[PDB]
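# Remarks on the overall topology
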Amino acid sequence: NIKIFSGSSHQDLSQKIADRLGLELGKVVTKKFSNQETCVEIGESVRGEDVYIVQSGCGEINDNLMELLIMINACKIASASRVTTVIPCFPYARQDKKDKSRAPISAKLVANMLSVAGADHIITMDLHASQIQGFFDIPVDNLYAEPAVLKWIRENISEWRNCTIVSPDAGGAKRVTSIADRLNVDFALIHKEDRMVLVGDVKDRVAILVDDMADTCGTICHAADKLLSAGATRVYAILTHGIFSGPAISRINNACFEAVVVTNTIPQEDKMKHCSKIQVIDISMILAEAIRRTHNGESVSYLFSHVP
Amino acid sequence: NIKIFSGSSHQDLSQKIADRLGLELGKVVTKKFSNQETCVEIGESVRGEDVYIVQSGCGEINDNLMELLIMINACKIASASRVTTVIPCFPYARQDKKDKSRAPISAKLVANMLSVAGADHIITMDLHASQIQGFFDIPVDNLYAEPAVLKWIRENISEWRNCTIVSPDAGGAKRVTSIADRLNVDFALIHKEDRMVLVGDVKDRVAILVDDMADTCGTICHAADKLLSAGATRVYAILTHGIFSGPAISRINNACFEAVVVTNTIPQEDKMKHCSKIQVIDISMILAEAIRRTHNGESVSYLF
Amino acid sequence: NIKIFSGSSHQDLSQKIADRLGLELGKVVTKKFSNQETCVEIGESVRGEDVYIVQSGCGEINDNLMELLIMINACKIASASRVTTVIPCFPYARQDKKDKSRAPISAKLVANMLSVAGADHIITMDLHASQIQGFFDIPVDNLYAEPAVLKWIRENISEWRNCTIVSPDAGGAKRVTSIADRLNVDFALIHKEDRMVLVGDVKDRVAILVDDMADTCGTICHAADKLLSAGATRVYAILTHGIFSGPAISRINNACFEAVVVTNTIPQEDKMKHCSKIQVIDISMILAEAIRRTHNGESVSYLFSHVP
Amino acid sequence: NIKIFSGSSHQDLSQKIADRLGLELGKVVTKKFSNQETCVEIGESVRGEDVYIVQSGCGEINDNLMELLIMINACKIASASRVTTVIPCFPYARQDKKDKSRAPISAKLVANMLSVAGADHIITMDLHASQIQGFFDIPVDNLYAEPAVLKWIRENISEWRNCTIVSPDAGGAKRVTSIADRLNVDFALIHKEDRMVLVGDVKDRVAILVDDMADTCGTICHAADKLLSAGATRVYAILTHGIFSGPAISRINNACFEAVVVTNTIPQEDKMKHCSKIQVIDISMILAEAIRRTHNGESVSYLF
Amino acid sequence: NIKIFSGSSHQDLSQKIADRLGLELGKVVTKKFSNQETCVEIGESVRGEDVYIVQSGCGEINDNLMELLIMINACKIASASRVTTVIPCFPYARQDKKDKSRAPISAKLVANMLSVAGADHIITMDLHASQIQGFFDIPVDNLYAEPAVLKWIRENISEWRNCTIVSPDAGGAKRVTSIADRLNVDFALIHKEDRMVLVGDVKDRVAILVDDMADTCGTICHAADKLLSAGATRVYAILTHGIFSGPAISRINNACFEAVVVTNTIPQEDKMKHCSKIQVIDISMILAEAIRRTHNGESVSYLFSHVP
Amino acid sequence: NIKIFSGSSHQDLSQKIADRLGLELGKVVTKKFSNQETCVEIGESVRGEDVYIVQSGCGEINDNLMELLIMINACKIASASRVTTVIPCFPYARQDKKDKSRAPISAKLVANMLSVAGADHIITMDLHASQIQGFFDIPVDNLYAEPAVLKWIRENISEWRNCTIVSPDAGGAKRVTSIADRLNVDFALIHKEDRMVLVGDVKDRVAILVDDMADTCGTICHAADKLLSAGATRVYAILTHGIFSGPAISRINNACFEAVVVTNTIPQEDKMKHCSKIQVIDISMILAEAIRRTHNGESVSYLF
């Protein structure tokens, strides 16, 4: 009844998830046309199946989004019983508000486009804003890296019982507090004004920078400098989504981090060759379990504060 | 061509809004049946009209929301050209995420109901979350108390050029940092562990607690003590939405608040009498302007 | 697969229905906030379940309606397979038309709000207007008290073979005729102009007043007076929905009824202490069977003219 | 800015409506293909126009409904600003409840089709059920023959101040009681057990059978006998919708009807010739007024 | 779980399909009212069933379409689990475009009306335009006569290895080429300007006229004349839909065809008495299998190029 | 009251369109973030305005489509009165049928996205399929290059009164027969078996290959050889949409094409330099006229 498909050829995560469910990845014939439009062909009857499409890590976001939609489309008109998208890193998630400007809420637009395409259910990890669930009318299971993050912290940072959980921006207040309270440790908060301000004691402690995503890495670098200027022993940075476009690898390789930790919601294998500070958590068991629970009607909640 | 309608009782804000525009509020027959139902009769023809309903303050949010939806409805089936709802304080607005629970996103449910009721356009002020603008597919105009708050602060706090703007929770980091940045002064945050924790420098300076809304004031009155214990010279509390239910009023007088400032997005005339330090910024002109500018095709965002 | 929930704390009817299906009521954490908004929390995974929400008898209709919706909402985004509302007494049902006025069709509005909230199916009893089914696009099973009413009449009114079934208003013509024809007895019809007019013979017979709902009871009282003025032996009044707000208890206790019969679509236990003329039919087996049939795909029709 | 279009053939009512407004009916090319399909060509540009389609009377309701939907459609995709449908007699209108059967609610299906066809606004007369206004989410304006019926009665029944208004079924209680109340006279109801039963006092007075529509007239012609047997001085039958199919016409002449009054919501010019006593109230001015007032933003409800 | 119903009394095809699935046709009470509106009553609980409505061959298209819709409606509000319409010949299918005119896309309108009525899935055969699938948002299985056509051609035309597959119009280019290529034979193309032009060699070969539908038969007749004027041995005409309104029977009986082949997507029994050139392919096994596959989640594709 | 906005870069067509109407293109801030996202800022107030977005030509169709949807969106939530999208060349337009595969109908998916994005009205040119007008429920106006193609042919092919209009596929029968009929000349079709097959008389006459679009030009360059081998005097190729990706440009110069004519529905200024024989019909006036006539309520279809 359950059928999984991948997007494009960045199929590592999808095949990882497949393996763990004891399934092969469903057959697809997906190619860009000479004019840059995307062809998609579903190479096996999905008629009355519980279909799952895992979003690609290609990098190119619009080519990835049209492909994801077109697949959703193909699968619905082919009489799939239900189409879930496993979208580890939700596109345009940083565009969730107008910000006093005459701007689009592209997070919502995308939310609509997934919905018209024929999506029935959404599985994602760590939405940039919690409220992005509210841009949909269908159900959304937003999973957390937070328990595996806690796992990583405890098994890898000797001084985790005496660290500080810092936010690189004001927006990520709740996220860093929540982790600190569970770890029973202090928290601190960097805000940018062309200068950063730090509130909270970090002196003679290990500072851990927690964010949901890092893109160009300009911020976290400037934030690790600040933390080492205010007397932190050493600095870690943990991001659930490792986007790392442009000068990120350069900014990191130079930057005064001990380690940079990301999940494989985005492909890292290529970035890891050129950057020796990047460690990768595998989140495929979390995504696999989510699908598995979903298909059975078992509680996907048990993953919000437990590592399968 | 324009018509302005009010809510249950709570006419003051509306009456004010209709004044600044030089109109009289529209004829309506709102009442409650003996069995808790909400009864509505539109006392004039709204056919082909640009209508504006201003949300009431009966201090009963389900009754008020229902009356609001029943109005939009009567208007939409009486061939009104358009129905904007002026809801300065958006109902169920803190219920905008599951938060790891199996809980409703009620502000989405509410957005969806206003939508299906026939509301074409929304006007509100300081939405608890900015994202509860993406709950709608109809356009929303969200006004800010931010400029009126600033003006007041400068014109009312002698030491402001050395004051600290303080968030009562962690979830209020962005709102305060903004206010602190415009004023070019320090910011500080408080978090409930319970035991309260304060990050930021508040020693020997005027503290200004800033929240979008206070309900019980429990959190903000604690926030005040913690701030005194921290050695704040004088603590102030600014709130855009003053809900003040339960123990709220008494809790304030029992606190050290030099003053408490709110905008009349909710009727305070009752609670003012029971509280001396309360002070109100009048936001009607801002709502009236946004009504005219919407109607005229004039730039609303300027008021931001 | 089947899960039942109640609304608010008026849980008598809901637990009655639960008992009869051999189920416990699903766990909910429901409280009004200090500002009068309603919190709701579903205290157990409903993921892929056939959920049923039975509408509360609290009395306060708007607080009851938001709560019902919010629950519907919580349950849908929590991936319930299907959400049915068992709404014994449909709110705003008397507002089903404009009545030559510039008024809302609040019955339809409510019908829409249930529908956007995420309702998939509706189970109700004795809609004020049959056409209220037409305010929905989803399926609606409108059940009747009429067979149990007939049961009550036959077992409780000795002279039922020689009674008259009277309508308190013109609107309820079809309802009273239908009962009379099945009982093979006469019918009569009261209309209000500030005076009532009666058409149909009632002289030296037992008059039974049949309505779907009574609220303040002003009408039926004035209608029992009329009936006793036109020579009816004694007067009964049977209403499916016992609303009884305001002076109803006072109007009844004084009023010249032999008995007032209501179903427990609305709580009566409190009203029954202060009013000794109120008898209560239990309709929980009818509602239980309806749910039971629904969940199985058995014919809910068999209840329209049979008492389970 | 306004454009009025007609139906299949059945132009009379439309032509009349367009006259009272001083316009010419719009150019169209409505026909039937040899294989029962309905063909439509809008013979002019309706781009940006407030359009009005007046429902035909080919005495084929499925054909007519389809032609109506195909018109609304062609109009909506040819960029017409708005499409009101003038359907004096709403199709499938008695199919507004299951009635304990597993039957369709077809008037809801029909409402839904007009809706999805692109109709923005409805204008109809004496809806069989008032509730079939809540079938739509677009606004509906329902006109009443009630005032034209009354006027006629007073001006045509000598004894009216002592007459009885009689419902042919139980389901017609509300409509007659209303008419009886305005006239301040007696009301009486009939119910088919079959054997007919009469409740109300009709002895030695003029009886007036009032229904919204008659189809076979079977029920109403019986109703007439029962009323004579009851000792009615003279029986009359008023109907807002005169459908008169099957045996209807002959059944009337075979009855004792002093006269039978209908409104030209349906073409009667054919059936009149075969029936002497039939008399028509002309409701075009009422439809024309409601068209102008809708267009102008003028108060339509006054016509109620 | 599976329930089939017919439309009107033209029940031959529906009962043929029923027989083959080993089912009786579901009970319906369907009659036109005196005013020409259609009554429909579903004479047995379809609650939670997989319902199938096969479209009538009455001839009268609007009376057939309202009836089909009303049935769809009745079935949805009666809580059918899913409503499929088996619409062998899709109504208004020739009205799929504006054609440089201020005209309706009545194919789309119909597509919408089926969709609002409550249709969940569509099963049809040989849409006039492939793109008619795109007028729906629900799934559509468009089946082909083409494999059975190929079957008929091979078993009935001795010279099929040396024939020409001709199009009566320009629109039907792709259709005729595809058949010719599979049969490895030549193709030709008639276009109308008040004169027809033929492109492609037909000389001393058997010409087969292939169209999807023939209505009045004016075209194909004038096209068989042309083909015999350009030296074709004998002419066949194969149409999937035999509409044959008006002078068709007369035009055919006179016309120089060897044979006229139609499927029973439309009733033929009556036309066959008066016209001896009409042969009928039975397509009920193709439709039966389609339903059968649909209900099971088996691949309906296997019928696109195979004859069950 | 009108406002015209452009796409990514590809301003030429827009700039031209805004010229012929006497307006300046609207202020926007379109860019790409370093991580492939599309960023948009509407540089002015579109509140209550009839807006027109003209689709870009960055030669990246997913990027371009997304930027287009993000624009429509920003416009719709900034209270613009209406949003027409001028998409001369409709994206994913050949993906309008499954074609016996389990493939997407992407042009329906695309129609659905433009729709849900908030687009109220579409203007396009020579849709690959006429039916991809029924993909929308909002009205579409489809312009034809047909008259500009004809005019050019007559005014550029000396022998045209004895020429043959040739389809490169079987699926192009209707489009060519039409063109051949207006010109009152012969038509001929080609089909790929592969081996190419030609039906129609092209011997000793000028051949004109006519397609709606060419992408690789592979098919059309073969089509050209087959036509020479058939004894065509001079072959021409007219295309309404010149996509010319991959080997296209080189394939043309390597072919015998006397000339290749395209409309600037796509920027050709780059590919022209690399190809001498390419010639462009300027369709801006036709798009500008259709923009004004839409706005004014003026007859657009005349331009057909």
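Residues numbered from 1 in each chain as written, not as in the entry; some residues may be left out. Chains lettered and ligands numbered in written order. Heavy atoms only, no water.

This entry, as listed in the PDB, derives from X-ray crystallography and reports a resolution of 3.31 Å.

Short version of the rule: UniProt positions are given in the numbering used here, feature names are shortened, and annotations may be inferred rather than shown by experiment.
The name the PDB entry gives chain B is Ribose-phosphate pyrophosphokinase 1, with Homo sapiens as the organism. For the record of chain B, the UniProt heading Function holds the text "Catalyzes the synthesis of phosphoribosylpyrophosphate (PRPP) that is essential for nucleotide synthesis." For the record of chain B, the UniProt heading Subunit holds the text "Homodimer. The active form is probably a hexamer composed of 3 homodimers."

Looking at the PDB entry, chain A carries the name Ribose-phosphate pyrophosphokinase 1, with the source organism given as Homo sapiens. If you open the UniProt record of chain A and go to Function, you find "Catalyzes the synthesis of phosphoribosylpyrophosphate (PRPP) that is essential for nucleotide synthesis."

### Considerations on the interface of chain D and chain C
How we decide: In what follows, a contact means two residues having at least one pair of non-hydrogen atoms within 4.5 Å. Buried area is understood as the total, over both parts, of accessible area removed when two parts are fitted together, assessed with a 1.4 Å probe. We count a salt bridge whenever a side-chain nitrogen from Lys or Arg sits within 4 Å of a carboxyl oxygen from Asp or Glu. We define a polar contact as two N or O atoms separated by no more than 3.5 Å, with the added condition that, inside protein, one atom must be a possible hydrogen donor and the other a possible acceptor, whereas residues neighbouring each other in sequence contribute only through side-chain atom pairs.
Facing the 36 residues of chain D at the interface are 36 residues of chain C. Here chain D and chain C share an interface that buries about 3,000 Å² over both sides, 54% of which is from carbon and sulfur atoms. Contact with chain C buries area across many residues of chain D, yet D:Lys100, D:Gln131 and D:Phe187 alone supply 21% of it, more than any other trio. At the boundary of chain D and chain C, one finds 2 salt bridges. The interface formed by chain D and chain C holds 17 residue pairs in polar contact in total.

### Re the UniProt feature "binding site: Mg(2+)" in chain A
The condition that has to hold: A run of DSSP states H or I qualifies as a helix once it reaches four residues; a run of E qualifies as a strand once it reaches two. Both are numbered from the N-terminal end. Type-normalised accessible area, obtained with a 1.4 Å probe on protein chains alone, sets the label of each residue: buried when under 20%, exposed when over 50%, and partly exposed for intermediate values.
The positions that UniProt labels "binding site: Mg(2+)" are, in the present scheme, A:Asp126, A:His128, A:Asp137 and A:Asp141. Of note, A:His128 is situated in the loop between β6 (121-125) and β7 (140-143). Of the residues examined, A:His128 reaches a relative accessible area of 32% and is grouped as partly exposed. With sequence-adjacent residues up to four places away left out, A:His128 is seen in contact with A:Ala93, A:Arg94, A:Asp96, A:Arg175, A:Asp212 and A:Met213. A polar side-chain atom of A:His128 sits 3.2 Å from a polar atom in the side chain of A:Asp212. Topologically, A:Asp141 is positioned in strand β7. Filtering out sequence-adjacent residues up to four positions away, A:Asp141 remains in contact with A:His121, A:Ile122, A:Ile123, A:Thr124, A:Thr294, A:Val300, C:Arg47 and C:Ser79.

### A short note on the UniProt feature "binding site: ATP" in chain A
Taken from the UniProt record, the annotation "binding site: ATP" applies to A:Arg94, A:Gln95, A:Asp96, A:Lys97, A:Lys98, A:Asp99 and A:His128. By the element assignment, A:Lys98 lies in the loop between β5 (82-87) and α3 (106-117). Not counting the four nearest positions on each side in its chain, A:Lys98 is found in contact with A:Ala103, A:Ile105, B:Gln133, B:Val140, B:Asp141 and F:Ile77.

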